[PDB]
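What follows is a short report on a single structure.
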């Protein structure tokens, strides 16, 4: 179930509002006829929207907000018509259906990728329905930021092996299930296969590519949802003892490949 909006260059606002909106999203047709779409999309996604309309004359997700006077996920798919734009905001759901699920083989194939510094550049869309992270939430942060601490000490050896193997013309050696936190805070186990691109001559690690196929869903299903917190621990003798192995896998980007 979707619904549409429409506009463009002279101001914004919204002209139409598919009568299927007082349903799918909460409020009435002419209810939106009021002002600019743009100020309906979460302060967050806002930035990418006005950059995807400029880069068009498709598809990309953003977070829209219901109306009661609880933002929800959406997958805007636009179309440039003669001007004005037709936006069919289809809502997006959470791929997991049970709890501590054990996804089959069909399970989507979503692959995030990152720079030596440890920052994810591109990030498949197939990952927004199984990680509750709309690209923009990520695409720009530190990949090491996610991994589970009681893990990066054994995670390291995995990353390393992407050099040793990344020393070949494009070797791919499949990792072993490793925890990784979603949007709701839970931890899934991806069945990650790796591969990197080392600049042939400067012989440096340009970027990593992880063909992430999920292997086990969250304790509490419904990715997106709300984000709690119960995980602390010796935030002194280890919350810094780890930053050691992290900021060590960062400096483990240097040539020697």
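Things worth noting here:
- For segment 187-257, the square roots of the Cα gyration tensor eigenvalues, ordered a ≥ b ≥ c, give a/c of at least 1.5 with a/b no greater than b/c, which places it in the oblate category.
- Look at the alpha carbon pairs under 8 Å that are at least 6 residues apart: their mean separation over the length of segment 93-257 gives a relative contact order of 30 percent.
- Footprinting exposure proxy for 212, 114 (fewest neighbouring C-beta atoms within 10 Å first): 114, 212
- Rounded FRET efficiency, nearest 0.05, which uses the C-beta distance separating residue 150 from residue 172 and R0 of 25 Å: 0.40
- Extended-chain gain in nm, criterion 0.36 nm per residue less alpha-carbon gap, residue 55 and residue 10: 14.5 nm
- Nitroxide proxy distance, nm - points 7 Å out along Cα→Cβ at residue 39 and residue 2: 2.7 nm
- Averaging the sequence gap over all C-alpha pairs within less than 8 Å and six or more residues apart, then dividing by the number of residues, gives segment 174-257 a relative contact order of 28 percent.
- Inter-centroid distance (Cα atoms) of segment 213-257 relative to segment 126-191, Å: 9 Å
- Applying the Kirkwood pairwise sum to the alpha-carbon positions of the chain produces a hydrodynamic radius of 20.4 angstrom.
- Cα→Cβ-extended label distance, 7 Å offset, between residue 71 and residue 164, nm: 4.3 nm
- Convex hull of Cα atoms in segment 1-92, direction-averaged projection (nm²): 5.6 nm²
- Between residue 203 and residue 254, the simple spin-label model (points 7 angstrom out along Cα→Cβ) gives 1.5 nm.
- Only Cα sites of segment 76-158 enter the Debye sum here, all with the same form factor; the resulting log10 I(q)/I(0) across q = 0.18, 0.26 1/Å is -0.99, -1.27, listed in q order.
- Annotation for segment 95-115 versus segment 16-81: alpha-carbon center distance of 27 Å.
Taken together, the values in this text are just the output of simple stated rules run on the coordinates, not laboratory data. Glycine gets a Cβ as well: all are built from the backbone with ideal geometry, and neighbour counts include every protein chain shown.
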